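Structure data follow from upload-v9.txt (compact mmCIF, C-alpha atoms and all ligand atoms):
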```txt
# COMPACT_ATOMS: atom_id res chain seq x y z
CA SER A 26 -18.30 43.77 -59.93
CA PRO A 27 -17.44 40.31 -58.42
CA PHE A 28 -17.38 37.35 -60.77
CA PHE A 29 -16.94 33.68 -60.87
CA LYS A 30 -15.99 32.50 -64.41
CA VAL A 31 -16.04 28.72 -64.92
CA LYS A 32 -14.78 26.60 -67.89
CA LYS A 33 -15.78 22.97 -68.30
CA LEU A 34 -12.76 20.95 -69.47
CA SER A 35 -14.87 17.84 -69.96
CA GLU A 36 -18.46 16.74 -70.43
CA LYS A 37 -17.83 15.16 -67.01
CA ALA A 38 -17.61 18.54 -65.25
CA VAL A 39 -20.49 19.71 -62.99
CA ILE A 40 -20.93 23.49 -62.76
CA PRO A 41 -20.45 24.44 -59.08
CA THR A 42 -23.60 25.59 -57.22
CA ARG A 43 -24.19 27.18 -53.77
CA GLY A 44 -25.92 24.80 -51.21
CA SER A 45 -27.99 27.38 -49.25
CA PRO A 46 -29.02 30.86 -50.21
CA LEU A 47 -26.37 32.48 -48.01
CA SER A 48 -23.84 29.68 -48.37
CA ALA A 49 -20.16 30.58 -48.35
CA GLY A 50 -19.11 27.93 -50.93
CA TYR A 51 -19.84 26.44 -54.35
CA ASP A 52 -19.89 22.59 -54.19
CA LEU A 53 -17.22 20.80 -56.28
CA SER A 54 -17.97 17.38 -57.73
CA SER A 55 -15.51 14.64 -58.62
CA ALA A 56 -15.03 14.02 -62.35
CA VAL A 57 -13.74 10.47 -61.60
CA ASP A 58 -14.09 7.51 -59.34
CA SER A 59 -11.03 7.37 -57.03
CA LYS A 60 -9.71 5.45 -54.06
CA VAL A 61 -8.34 7.40 -51.21
CA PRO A 62 -6.22 4.94 -49.32
CA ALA A 63 -6.23 4.72 -45.52
CA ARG A 64 -3.66 7.33 -44.19
CA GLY A 65 -2.92 8.45 -47.70
CA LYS A 66 -4.22 10.83 -50.26
CA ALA A 67 -5.74 11.38 -53.70
CA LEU A 68 -5.80 14.22 -56.24
CA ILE A 69 -9.39 14.40 -57.56
CA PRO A 70 -10.03 16.30 -60.80
CA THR A 71 -13.11 18.50 -61.11
CA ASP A 72 -12.55 19.08 -64.84
CA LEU A 73 -12.98 22.77 -64.32
CA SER A 74 -10.75 25.74 -64.86
CA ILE A 75 -11.73 28.98 -63.17
CA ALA A 76 -11.17 32.72 -62.91
CA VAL A 77 -11.95 34.84 -59.80
CA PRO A 78 -11.46 38.59 -59.33
CA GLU A 79 -8.31 40.38 -58.36
CA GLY A 80 -8.56 41.09 -54.58
CA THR A 81 -9.88 37.55 -53.96
CA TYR A 82 -8.74 33.98 -54.21
CA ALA A 83 -10.61 30.70 -54.52
CA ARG A 84 -10.14 28.49 -51.54
CA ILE A 85 -10.99 24.86 -51.88
CA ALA A 86 -12.44 24.20 -48.46
CA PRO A 87 -13.57 20.95 -46.78
CA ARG A 88 -17.17 19.67 -46.50
CA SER A 89 -18.30 18.81 -43.03
CA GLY A 90 -19.78 15.42 -44.04
CA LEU A 91 -16.57 13.92 -45.52
CA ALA A 92 -14.65 15.15 -42.53
CA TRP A 93 -16.87 13.89 -39.73
CA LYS A 94 -18.03 10.62 -41.48
CA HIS A 95 -14.93 9.66 -43.42
CA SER A 96 -12.03 11.63 -41.73
CA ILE A 97 -11.39 13.20 -45.07
CA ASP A 98 -9.70 16.60 -45.16
CA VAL A 99 -8.65 18.94 -47.99
CA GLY A 100 -4.95 19.74 -48.61
CA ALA A 101 -3.37 22.69 -50.44
CA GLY A 102 -6.54 24.54 -51.86
CA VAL A 103 -5.15 27.99 -52.62
CA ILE A 104 -6.25 28.86 -56.18
CA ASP A 105 -4.78 32.23 -57.25
CA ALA A 106 -7.01 34.61 -59.23
CA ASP A 107 -4.68 34.24 -62.32
CA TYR A 108 -4.41 30.43 -62.05
CA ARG A 109 -5.95 29.04 -65.25
CA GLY A 110 -4.90 25.36 -65.00
CA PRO A 111 -7.37 22.64 -64.03
CA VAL A 112 -8.77 22.58 -60.49
CA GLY A 113 -7.92 19.39 -58.65
CA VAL A 114 -8.78 18.72 -55.02
CA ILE A 115 -6.27 17.12 -52.79
CA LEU A 116 -7.85 14.86 -50.16
CA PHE A 117 -6.12 13.42 -47.09
CA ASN A 118 -7.61 10.31 -45.42
CA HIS A 119 -6.91 10.58 -41.64
CA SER A 120 -8.34 7.11 -40.78
CA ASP A 121 -7.32 3.44 -41.09
CA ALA A 122 -10.29 2.85 -43.43
CA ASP A 123 -9.90 2.87 -47.17
CA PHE A 124 -12.40 5.22 -48.66
CA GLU A 125 -13.58 5.59 -52.23
CA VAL A 126 -14.77 8.68 -54.06
CA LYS A 127 -17.48 8.07 -56.73
CA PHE A 128 -17.97 10.04 -59.97
CA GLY A 129 -20.12 13.13 -59.26
CA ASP A 130 -19.67 13.06 -55.43
CA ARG A 131 -19.26 16.51 -53.91
CA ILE A 132 -15.74 16.52 -52.46
CA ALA A 133 -15.16 20.18 -51.56
CA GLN A 134 -16.62 23.62 -51.67
CA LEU A 135 -14.98 26.56 -53.30
CA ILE A 136 -14.93 29.75 -51.36
CA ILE A 137 -14.11 33.15 -52.90
CA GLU A 138 -12.27 34.87 -50.02
CA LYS A 139 -11.54 38.60 -49.99
CA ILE A 140 -7.85 39.43 -49.52
CA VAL A 141 -5.39 42.31 -49.77
CA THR A 142 -2.04 42.15 -51.53
CA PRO A 143 0.00 45.33 -50.65
CA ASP A 144 3.77 45.66 -51.44
CA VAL A 145 5.98 44.59 -48.43
CA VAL A 146 7.57 47.40 -46.48
CA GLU A 147 10.62 46.16 -44.58
CA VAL A 148 11.03 47.96 -41.19
CA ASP A 149 13.29 47.65 -38.13
CA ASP A 150 10.24 48.44 -35.95
CA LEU A 151 6.65 47.26 -36.75
CA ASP A 152 4.94 49.68 -34.33
CA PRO B 25 -24.55 46.40 -42.38
CA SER B 26 -22.81 47.18 -39.94
CA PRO B 27 -21.28 43.73 -39.32
CA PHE B 28 -22.56 41.68 -36.40
CA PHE B 29 -21.99 38.52 -34.41
CA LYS B 30 -25.01 37.13 -32.53
CA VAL B 31 -24.69 33.98 -30.40
CA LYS B 32 -27.47 32.00 -28.77
CA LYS B 33 -26.69 29.63 -25.90
CA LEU B 34 -28.32 26.22 -26.24
CA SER B 35 -27.43 25.35 -22.69
CA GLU B 36 -25.84 26.91 -19.64
CA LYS B 37 -22.57 25.09 -20.52
CA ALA B 38 -22.03 27.33 -23.60
CA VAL B 39 -19.52 30.19 -23.33
CA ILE B 40 -19.84 33.53 -25.14
CA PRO B 41 -16.96 33.35 -27.69
CA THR B 42 -14.55 36.22 -27.11
CA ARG B 43 -11.68 37.74 -28.94
CA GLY B 44 -8.18 37.74 -27.57
CA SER B 45 -6.36 40.99 -28.46
CA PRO B 46 -7.84 44.12 -29.97
CA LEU B 47 -6.86 43.38 -33.65
CA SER B 48 -7.37 39.68 -32.98
CA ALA B 49 -8.85 37.59 -35.84
CA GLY B 50 -10.85 35.06 -33.87
CA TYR B 51 -13.37 34.48 -31.08
CA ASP B 52 -12.32 31.69 -28.74
CA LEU B 53 -14.66 28.67 -28.79
CA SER B 54 -15.14 26.62 -25.63
CA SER B 55 -16.20 23.01 -25.32
CA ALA B 56 -19.65 22.39 -23.74
CA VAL B 57 -18.72 18.80 -22.79
CA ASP B 58 -15.97 16.62 -21.29
CA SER B 59 -14.71 14.49 -24.19
CA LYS B 60 -11.51 13.39 -25.95
CA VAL B 61 -9.98 13.36 -29.43
CA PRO B 62 -8.43 9.87 -29.80
CA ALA B 63 -4.84 9.39 -31.07
CA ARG B 64 -4.94 9.45 -34.89
CA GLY B 65 -8.67 9.97 -34.71
CA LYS B 66 -11.31 12.59 -34.61
CA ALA B 67 -14.14 14.07 -32.51
CA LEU B 68 -17.11 16.41 -32.80
CA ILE B 69 -16.85 18.85 -29.82
CA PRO B 70 -20.23 20.61 -29.09
CA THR B 71 -20.20 24.31 -28.40
CA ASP B 72 -23.90 24.43 -27.41
CA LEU B 73 -24.09 27.68 -29.44
CA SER B 74 -26.12 28.75 -32.48
CA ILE B 75 -24.87 31.87 -34.23
CA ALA B 76 -25.53 34.43 -36.95
CA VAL B 77 -22.92 36.29 -38.97
CA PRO B 78 -23.55 38.80 -41.83
CA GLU B 79 -24.36 38.05 -45.50
CA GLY B 80 -21.07 38.28 -47.51
CA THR B 81 -19.21 36.53 -44.72
CA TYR B 82 -18.96 33.10 -43.27
CA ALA B 83 -17.83 31.85 -39.85
CA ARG B 84 -14.59 29.79 -40.26
CA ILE B 85 -13.79 27.34 -37.44
CA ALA B 86 -9.99 27.71 -37.26
CA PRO B 87 -7.25 26.08 -35.26
CA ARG B 88 -5.59 27.47 -32.09
CA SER B 89 -1.81 27.56 -32.44
CA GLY B 90 -1.02 26.26 -28.93
CA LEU B 91 -3.16 23.17 -29.45
CA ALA B 92 -1.57 22.48 -32.92
CA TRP B 93 2.00 22.32 -31.62
CA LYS B 94 1.28 20.85 -28.22
CA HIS B 95 -1.34 18.22 -29.19
CA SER B 96 -1.14 17.86 -32.97
CA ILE B 97 -4.70 19.12 -33.14
CA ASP B 98 -6.17 20.52 -36.37
CA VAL B 99 -9.73 21.63 -37.25
CA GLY B 100 -11.52 19.57 -39.97
CA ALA B 101 -14.42 21.09 -41.98
CA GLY B 102 -15.15 24.43 -40.24
CA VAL B 103 -17.14 26.32 -42.85
CA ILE B 104 -20.21 27.80 -41.05
CA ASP B 105 -22.54 29.64 -43.51
CA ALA B 106 -24.10 33.02 -42.54
CA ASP B 107 -27.30 30.94 -43.05
CA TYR B 108 -26.62 28.24 -40.59
CA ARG B 109 -28.70 28.37 -37.38
CA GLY B 110 -28.11 24.81 -36.13
CA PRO B 111 -25.76 23.95 -33.22
CA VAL B 112 -22.06 24.68 -33.85
CA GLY B 113 -19.78 21.69 -33.23
CA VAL B 114 -16.02 21.65 -33.79
CA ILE B 115 -14.48 18.76 -35.79
CA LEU B 116 -11.05 18.06 -34.44
CA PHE B 117 -8.41 15.72 -36.00
CA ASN B 118 -5.67 14.43 -33.70
CA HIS B 119 -2.51 13.84 -35.77
CA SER B 120 -0.46 12.30 -32.90
CA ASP B 121 -0.28 9.00 -30.97
CA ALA B 122 -1.76 10.31 -27.70
CA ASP B 123 -5.41 11.10 -26.79
CA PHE B 124 -6.24 14.76 -26.38
CA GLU B 125 -8.47 15.31 -23.36
CA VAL B 126 -11.06 18.09 -23.43
CA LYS B 127 -12.82 19.37 -20.25
CA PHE B 128 -15.98 21.49 -20.45
CA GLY B 129 -15.01 25.16 -20.83
CA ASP B 130 -11.70 24.65 -22.58
CA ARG B 131 -10.93 26.58 -25.75
CA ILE B 132 -10.73 24.08 -28.59
CA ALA B 133 -10.79 26.41 -31.58
CA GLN B 134 -11.39 29.98 -32.68
CA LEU B 135 -14.09 31.36 -34.99
CA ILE B 136 -13.05 33.88 -37.69
CA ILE B 137 -15.65 35.91 -39.64
CA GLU B 138 -14.13 36.01 -43.14
CA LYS B 139 -15.25 38.36 -45.90
CA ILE B 140 -16.26 36.69 -49.11
CA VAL B 141 -17.80 37.34 -52.45
CA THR B 142 -20.77 35.33 -53.64
CA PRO B 143 -21.48 36.16 -57.38
CA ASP B 144 -23.46 34.04 -59.83
CA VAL B 145 -21.44 31.25 -61.41
CA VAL B 146 -21.08 32.52 -65.11
CA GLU B 147 -19.84 29.61 -67.42
CA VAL B 148 -17.50 30.65 -70.30
CA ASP B 149 -14.98 29.37 -72.90
CA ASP B 150 -11.82 30.98 -71.11
CA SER C 26 -4.82 51.62 -47.19
CA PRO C 27 -3.53 47.99 -46.67
CA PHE C 28 0.08 47.37 -45.69
CA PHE C 29 2.22 44.44 -44.93
CA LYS C 30 5.15 45.29 -42.61
CA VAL C 31 7.98 42.84 -42.12
CA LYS C 32 10.88 42.88 -39.72
CA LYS C 33 13.78 40.42 -40.16
CA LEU C 34 14.82 38.89 -36.86
CA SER C 35 18.01 37.46 -38.41
CA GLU C 36 20.04 37.49 -41.60
CA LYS C 37 18.60 34.00 -42.26
CA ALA C 38 15.05 35.48 -42.88
CA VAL C 39 13.83 36.11 -46.44
CA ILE C 40 11.38 38.86 -47.33
CA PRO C 41 8.10 37.14 -48.51
CA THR C 42 7.37 37.73 -52.17
CA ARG C 43 4.41 37.12 -54.41
CA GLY C 44 4.79 34.97 -57.54
CA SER C 45 2.43 36.78 -59.94
CA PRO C 46 0.31 39.96 -60.04
CA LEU C 47 -2.69 37.98 -59.01
CA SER C 48 -1.07 35.57 -56.44
CA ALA C 49 -3.10 35.28 -53.26
CA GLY C 50 -0.03 34.71 -51.11
CA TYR C 51 3.50 35.61 -50.19
CA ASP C 52 5.90 32.70 -50.18
CA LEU C 53 7.51 31.85 -46.77
CA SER C 54 11.04 30.39 -46.55
CA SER C 55 12.60 28.32 -43.71
CA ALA C 56 15.29 30.24 -41.76
CA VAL C 57 16.63 26.82 -40.56
CA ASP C 58 17.61 23.32 -41.68
CA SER C 59 15.07 21.00 -40.22
CA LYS C 60 12.74 18.10 -40.92
CA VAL C 61 9.11 17.08 -40.54
CA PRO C 62 9.18 13.47 -39.25
CA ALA C 63 6.96 10.86 -40.96
CA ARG C 64 3.42 11.07 -39.31
CA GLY C 65 4.66 13.94 -37.04
CA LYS C 66 4.95 17.75 -36.91
CA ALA C 67 7.57 20.49 -36.80
CA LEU C 68 7.61 24.19 -36.02
CA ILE C 69 9.80 25.86 -38.68
CA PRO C 70 10.97 29.47 -37.87
CA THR C 71 10.76 32.05 -40.48
CA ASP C 72 12.87 34.61 -38.40
CA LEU C 73 10.24 37.12 -39.34
CA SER C 74 7.90 39.39 -37.33
CA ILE C 75 5.10 41.07 -39.22
CA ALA C 76 2.22 43.50 -38.99
CA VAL C 77 -0.97 43.55 -41.05
CA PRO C 78 -3.93 45.94 -40.99
CA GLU C 79 -6.85 45.97 -38.64
CA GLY C 80 -9.73 44.21 -40.52
CA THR C 81 -7.36 41.41 -41.74
CA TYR C 82 -5.20 38.59 -40.41
CA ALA C 83 -2.24 36.83 -42.00
CA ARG C 84 -3.13 33.23 -42.71
CA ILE C 85 -0.33 30.77 -42.99
CA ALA C 86 -1.50 28.59 -45.85
CA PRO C 87 -0.24 25.44 -47.66
CA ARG C 88 1.76 25.13 -50.90
CA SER C 89 0.09 22.59 -53.18
CA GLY C 90 3.34 21.06 -54.43
CA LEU C 91 4.40 20.24 -50.89
CA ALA C 92 0.88 18.78 -50.17
CA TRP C 93 0.96 16.50 -53.21
CA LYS C 94 4.64 15.55 -53.33
CA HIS C 95 5.22 15.21 -49.57
CA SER C 96 1.76 15.04 -47.86
CA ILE C 97 2.71 18.25 -46.04
CA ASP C 98 -0.06 20.34 -44.42
CA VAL C 99 0.03 23.62 -42.44
CA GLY C 100 -1.42 23.42 -38.85
CA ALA C 101 -2.35 26.53 -36.85
CA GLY C 102 -1.59 29.53 -39.16
CA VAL C 103 -3.83 32.30 -37.75
CA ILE C 104 -1.54 35.32 -37.27
CA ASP C 105 -3.33 38.26 -35.62
CA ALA C 106 -2.93 41.75 -37.08
CA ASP C 107 -1.29 42.79 -33.74
CA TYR C 108 0.90 39.76 -33.19
CA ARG C 109 4.53 40.99 -33.08
CA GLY C 110 6.43 37.87 -32.13
CA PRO C 111 8.36 35.50 -34.46
CA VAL C 112 6.36 33.77 -37.23
CA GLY C 113 6.78 29.98 -37.17
CA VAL C 114 5.10 27.61 -39.59
CA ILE C 115 3.72 24.41 -38.17
CA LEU C 116 3.92 21.51 -40.59
CA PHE C 117 2.08 18.16 -40.33
CA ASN C 118 3.44 15.19 -42.31
CA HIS C 119 0.62 12.85 -43.40
CA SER C 120 2.96 10.23 -44.97
CA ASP C 121 5.46 7.65 -43.80
CA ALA C 122 8.48 9.47 -45.27
CA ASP C 123 10.40 12.15 -43.34
CA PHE C 124 10.38 15.55 -45.11
CA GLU C 125 13.66 17.49 -45.08
CA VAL C 126 13.62 21.25 -44.95
CA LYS C 127 16.77 23.19 -46.05
CA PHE C 128 17.47 26.75 -45.06
CA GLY C 129 15.67 28.90 -47.69
CA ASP C 130 13.14 26.25 -48.83
CA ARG C 131 9.65 27.64 -49.37
CA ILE C 132 7.46 25.94 -46.81
CA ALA C 133 4.16 27.80 -46.89
CA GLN C 134 2.51 30.95 -48.26
CA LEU C 135 1.06 33.86 -46.29
CA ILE C 136 -2.42 35.24 -47.28
CA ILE C 137 -3.75 38.48 -45.84
CA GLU C 138 -7.44 37.66 -45.45
CA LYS C 139 -10.16 40.32 -44.98
CA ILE C 140 -12.35 39.81 -41.90
CA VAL C 141 -14.84 41.52 -39.65
CA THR C 142 -14.47 41.70 -35.85
CA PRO C 143 -17.81 43.00 -34.54
CA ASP C 144 -18.72 43.07 -30.83
CA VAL C 145 -20.26 39.69 -29.90
CA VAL C 146 -23.72 39.85 -28.41
CA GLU C 147 -25.59 37.02 -26.75
CA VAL C 148 -29.31 36.95 -27.76
CA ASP C 149 -32.34 34.81 -26.68
CA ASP C 150 -33.51 34.39 -30.26
CA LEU C 151 -31.70 34.11 -33.60
CA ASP C 152 -32.68 35.82 -36.91
MG MG D 1 -9.76 31.90 -45.13
```
Structure translated into structure tokens:
Amino acid sequence: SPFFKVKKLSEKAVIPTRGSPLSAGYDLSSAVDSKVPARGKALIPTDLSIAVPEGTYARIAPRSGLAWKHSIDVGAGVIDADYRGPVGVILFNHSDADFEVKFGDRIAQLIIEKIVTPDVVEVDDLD
Amino acid sequence: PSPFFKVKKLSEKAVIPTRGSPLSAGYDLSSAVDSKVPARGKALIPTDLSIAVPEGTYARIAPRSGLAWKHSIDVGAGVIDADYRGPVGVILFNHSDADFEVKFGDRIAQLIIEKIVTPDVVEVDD
Amino acid sequence: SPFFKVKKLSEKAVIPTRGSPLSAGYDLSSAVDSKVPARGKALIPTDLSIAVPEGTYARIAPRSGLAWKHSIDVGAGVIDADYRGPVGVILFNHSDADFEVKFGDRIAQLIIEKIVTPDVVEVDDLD
């Protein structure tokens, strides 16, 4: 049984929702207004904590709009299934234009990616 | 299901994406146009393809390794839903101080069909 | 049955390890002293070769601390299940300060992502 458990850390938090029926990702909204300086970065809180199943992780993935319109990309974004701290989104601004994130703007989408995690076998030949 | 990958050409410039080694993750994507990705800038490179991938996956537009080292090229955005039937364009960021030229038919990215889970969003206090 | 095979290519390589039971990734360490120049890139050798199962790839993925503290991002990062050459991490530096890497520094994390690789078919009409 897959699951996506979400805890609001604030009254500011928006519960993530999927944008199309067969959408890969749950949209993540900013819990703050924040500058993202030209050629710099910002750490935007979501005011959520999450849990996802073992055998998956939550990837905070970029939105196509912020990227193509504002040259905004998402850094880091690997949220382990046992990570219970608050979810923040790191944004990089790859343009000479200051940008600003507004409270409640969708800044990323969370994608619950299937993975495997076997124990490493060291070999002298990989075959 | 049975997984599948259907592509529809939107012009005769589109190239059928193909894999590159039998256990290969990704299907090479070719540019449909002559264009460029400016130094320290960005471009949308059309593929002239529309695609379908199975429910419980998405198509990730992912960077080629050769272009990353040689041109400082990275893919922006790149999340194509199993739902999406519009044209597929590749957002490229150029993290160097020289323009990156693209000719029609060059490989500018690779598409990976990643398995995902899509449950309902269950709010808690944990 | 998933596996993760690793071959050391020198005594400078470190076997990737997972932080917690539910960690998505295996930490990767630099086999070299190097640097990522301000606004530039580097290829950092791992001195590893690897093999992962058919139906997966190894994604080279970013550490969040490095993203936030140093504006470090991972470029490239798609390692095919049948790629048997040396694993190098490409790093982009989205700040104006050079980033030093010391031999044994953790520079990325490896995630073994589940995928499908069906036979592509061109069609006249989409579903
Ligand atoms: Mg992925």
Can I get the residues close to ligand MG 1 (chain D) as a ChimeraX atom specification, where close means within 7 Å and we count only C-alpha atoms and all ligand atoms? /A:138 /B:138 /C:138
Record the distance separating atom CA of residue A:72 and atom CA of residue C:50, expressed in Å with one decimal.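 These atoms are spaced 24.3 Å apart.
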For chain B, which residue among A:98, A:52, A:107, A:149 is the nearest when counting all atoms listed in the file?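 For chain B, the nearest of the candidates is A:98.
Atom pair atom CA of residue A:102 / atom CA of residue C:92: separated by 9.5 Å.
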Take chain C, lay it over chain A with a least-squares fit on all the Cα atoms in order, then hand it over as a compact mmCIF listing (two decimals) with C-alpha atoms, in the coordinates of the input.
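Once everything was written out, this is selection.txt:
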```
# COMPACT_ATOMS: atom_id res chain seq x y z
CA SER C 26 -18.34 43.71 -59.32
CA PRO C 27 -17.39 40.09 -58.25
CA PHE C 28 -17.57 37.25 -60.75
CA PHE C 29 -16.87 33.61 -60.78
CA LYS C 30 -15.97 32.29 -64.26
CA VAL C 31 -15.87 28.57 -64.93
CA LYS C 32 -14.69 26.65 -67.94
CA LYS C 33 -15.45 22.91 -68.27
CA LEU C 34 -12.43 20.97 -69.45
CA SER C 35 -14.55 17.86 -70.12
CA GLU C 36 -18.14 16.67 -70.18
CA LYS C 37 -17.38 14.97 -66.83
CA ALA C 38 -17.11 18.42 -65.03
CA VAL C 39 -20.08 19.80 -63.08
CA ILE C 40 -20.75 23.51 -62.68
CA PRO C 41 -20.28 24.36 -58.92
CA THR C 42 -23.50 25.40 -57.24
CA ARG C 43 -24.38 26.92 -53.91
CA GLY C 44 -26.81 25.14 -51.57
CA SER C 45 -28.64 28.12 -50.04
CA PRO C 46 -28.81 31.92 -50.45
CA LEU C 47 -26.36 32.32 -47.65
CA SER C 48 -23.98 29.36 -48.39
CA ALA C 49 -20.33 30.35 -48.17
CA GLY C 50 -19.28 27.86 -50.83
CA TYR C 51 -19.86 26.23 -54.16
CA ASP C 52 -19.94 22.46 -54.06
CA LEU C 53 -17.18 20.66 -56.08
CA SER C 54 -17.81 17.26 -57.71
CA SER C 55 -15.24 14.58 -58.73
CA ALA C 56 -14.86 14.24 -62.53
CA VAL C 57 -13.37 10.73 -61.90
CA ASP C 58 -13.84 7.46 -60.01
CA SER C 59 -11.08 7.30 -57.50
CA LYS C 60 -10.20 6.62 -53.88
CA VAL C 61 -8.37 8.19 -50.95
CA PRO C 62 -6.32 5.35 -49.38
CA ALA C 63 -6.46 4.86 -45.59
CA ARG C 64 -3.82 7.26 -43.99
CA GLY C 65 -2.90 8.57 -47.51
CA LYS C 66 -3.84 11.28 -50.04
CA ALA C 67 -5.31 11.66 -53.51
CA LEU C 68 -5.54 14.43 -56.08
CA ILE C 69 -9.11 14.36 -57.46
CA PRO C 70 -9.68 16.33 -60.76
CA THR C 71 -12.62 18.51 -61.06
CA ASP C 72 -12.09 19.02 -64.91
CA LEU C 73 -12.68 22.67 -64.22
CA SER C 74 -10.64 25.85 -64.82
CA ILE C 75 -11.82 29.00 -63.13
CA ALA C 76 -11.25 32.71 -62.71
CA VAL C 77 -12.05 34.88 -59.70
CA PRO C 78 -11.59 38.61 -59.13
CA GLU C 79 -8.48 40.45 -58.15
CA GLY C 80 -8.77 41.04 -54.34
CA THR C 81 -9.98 37.41 -53.77
CA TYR C 82 -8.80 33.82 -54.11
CA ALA C 83 -10.80 30.62 -54.41
CA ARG C 84 -10.24 28.48 -51.35
CA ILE C 85 -10.83 24.80 -51.67
CA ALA C 86 -12.48 23.99 -48.37
CA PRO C 87 -13.76 20.83 -46.59
CA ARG C 88 -17.29 19.40 -46.40
CA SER C 89 -18.16 18.62 -42.79
CA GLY C 90 -20.01 15.39 -43.57
CA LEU C 91 -16.95 13.97 -45.28
CA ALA C 92 -14.74 15.12 -42.31
CA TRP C 93 -16.96 13.43 -39.72
CA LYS C 94 -18.07 10.32 -41.62
CA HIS C 95 -14.77 9.57 -43.39
CA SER C 96 -12.01 11.63 -41.64
CA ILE C 97 -11.48 13.40 -44.98
CA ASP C 98 -9.60 16.73 -45.02
CA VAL C 99 -8.66 19.11 -47.87
CA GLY C 100 -4.86 19.78 -48.27
CA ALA C 101 -3.51 22.69 -50.34
CA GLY C 102 -6.61 24.55 -51.68
CA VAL C 103 -5.27 28.07 -52.40
CA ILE C 104 -6.37 28.87 -55.97
CA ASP C 105 -5.00 32.21 -57.20
CA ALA C 106 -7.34 34.65 -58.95
CA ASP C 107 -5.12 34.28 -62.10
CA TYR C 108 -4.60 30.54 -62.01
CA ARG C 109 -6.04 29.12 -65.27
CA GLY C 110 -5.04 25.48 -65.10
CA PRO C 111 -7.21 22.50 -64.02
CA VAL C 112 -8.62 22.57 -60.45
CA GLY C 113 -7.75 19.41 -58.50
CA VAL C 114 -8.79 18.77 -54.92
CA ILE C 115 -6.23 17.18 -52.66
CA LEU C 116 -7.77 14.92 -50.04
CA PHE C 117 -6.07 13.56 -46.89
CA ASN C 118 -7.58 10.48 -45.21
CA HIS C 119 -7.03 10.56 -41.43
CA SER C 120 -8.59 7.10 -40.80
CA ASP C 121 -7.73 3.48 -41.45
CA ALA C 122 -10.54 2.95 -43.98
CA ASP C 123 -10.11 3.69 -47.71
CA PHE C 124 -12.56 6.34 -48.99
CA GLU C 125 -14.13 5.69 -52.40
CA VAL C 126 -14.94 8.58 -54.67
CA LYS C 127 -17.49 8.05 -57.52
CA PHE C 128 -17.72 10.27 -60.55
CA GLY C 129 -20.03 13.16 -59.50
CA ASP C 130 -19.55 12.82 -55.71
CA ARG C 131 -19.21 16.15 -53.93
CA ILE C 132 -15.72 16.20 -52.50
CA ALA C 133 -15.14 19.75 -51.32
CA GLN C 134 -16.61 23.26 -51.51
CA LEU C 135 -15.06 26.35 -53.09
CA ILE C 136 -15.13 29.69 -51.12
CA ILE C 137 -14.18 32.97 -52.76
CA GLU C 138 -12.38 34.73 -49.91
CA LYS C 139 -11.70 38.50 -49.84
CA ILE C 140 -8.03 39.43 -49.34
CA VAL C 141 -5.58 42.28 -49.61
CA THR C 142 -2.30 42.05 -51.56
CA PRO C 143 -0.31 45.17 -50.61
CA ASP C 144 3.35 45.69 -51.59
CA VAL C 145 5.56 44.09 -48.91
CA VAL C 146 8.04 46.40 -47.27
CA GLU C 147 10.89 45.41 -45.00
CA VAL C 148 11.25 47.80 -41.99
CA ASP C 149 13.79 48.10 -39.10
CA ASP C 150 11.04 48.65 -36.54
CA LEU C 151 7.47 47.37 -36.21
CA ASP C 152 4.37 49.41 -35.17
```
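Comparing C:129, C:110, C:87, C:78 by their smallest distance to chain B, the closest is C:78 (using all atoms listed in the file).
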Residue contacts of residue B:69 (10 Å, only C-alpha atoms) excluding same-chain residues fewer than 4 positions away, as an MDAnalysis selection string: chainID B and resid 54:61 112:116 126 128 132:133
Serialized selection, C-alpha atoms, as a CSV table (one decimal), in the coordinates of the input:
```csv
chain,number,residue,atom,x,y,z
B,54,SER,CA,-15.1,26.6,-25.6
B,55,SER,CA,-16.2,23.0,-25.3
B,56,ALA,CA,-19.6,22.4,-23.7
B,57,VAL,CA,-18.7,18.8,-22.8
B,58,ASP,CA,-16.0,16.6,-21.3
B,59,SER,CA,-14.7,14.5,-24.2
B,60,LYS,CA,-11.5,13.4,-26.0
B,61,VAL,CA,-10.0,13.4,-29.4
B,112,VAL,CA,-22.1,24.7,-33.8
B,113,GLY,CA,-19.8,21.7,-33.2
B,114,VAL,CA,-16.0,21.6,-33.8
B,115,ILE,CA,-14.5,18.8,-35.8
B,116,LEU,CA,-11.0,18.1,-34.4
B,126,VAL,CA,-11.1,18.1,-23.4
B,128,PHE,CA,-16.0,21.5,-20.4
B,132,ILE,CA,-10.7,24.1,-28.6
B,133,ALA,CA,-10.8,26.4,-31.6
```
For chain B, list the residues within 9 Å of chain A, counting only C-alpha atoms, and write the list as a PyMOL selection string. chain B and resi 64-68+79-83+100-108+115-119+138-150
Have a look at A:132, A:53, A:122, A:85 and name the one nearest to chain C; count only C-alpha atoms.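 Ranked by minimum distance to chain C, first place goes to A:85.
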Would you kindly return, as a VMD selection string, each protein, DNA or RNA residue with an atom no farther than 8 Å from any atom of residue B:41, considering all atoms listed in the file and excluding same-chain residues fewer than 3 positions away? (chain B and resid 51 to 54) or (chain C and resid 145)
At what distance in Å, to one decimal, does atom CA of residue A:56 lie from atom CA of residue A:69?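 Straight-line distance from atom CA of residue A:69 to atom CA of residue A:56 works out to 7.4 Å.
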Using only C-alpha atoms, find the one residue out of A:67, A:126, A:73, A:135 that sits nearest to chain C.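 That would be A:67, the residue with the smallest distance to chain C.
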Which residue gives the smallest distance to chain A among C:39, C:61, C:101, C:146, with only C-alpha atoms counted?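 Of the candidates, the smallest distance to chain A is held by C:39.
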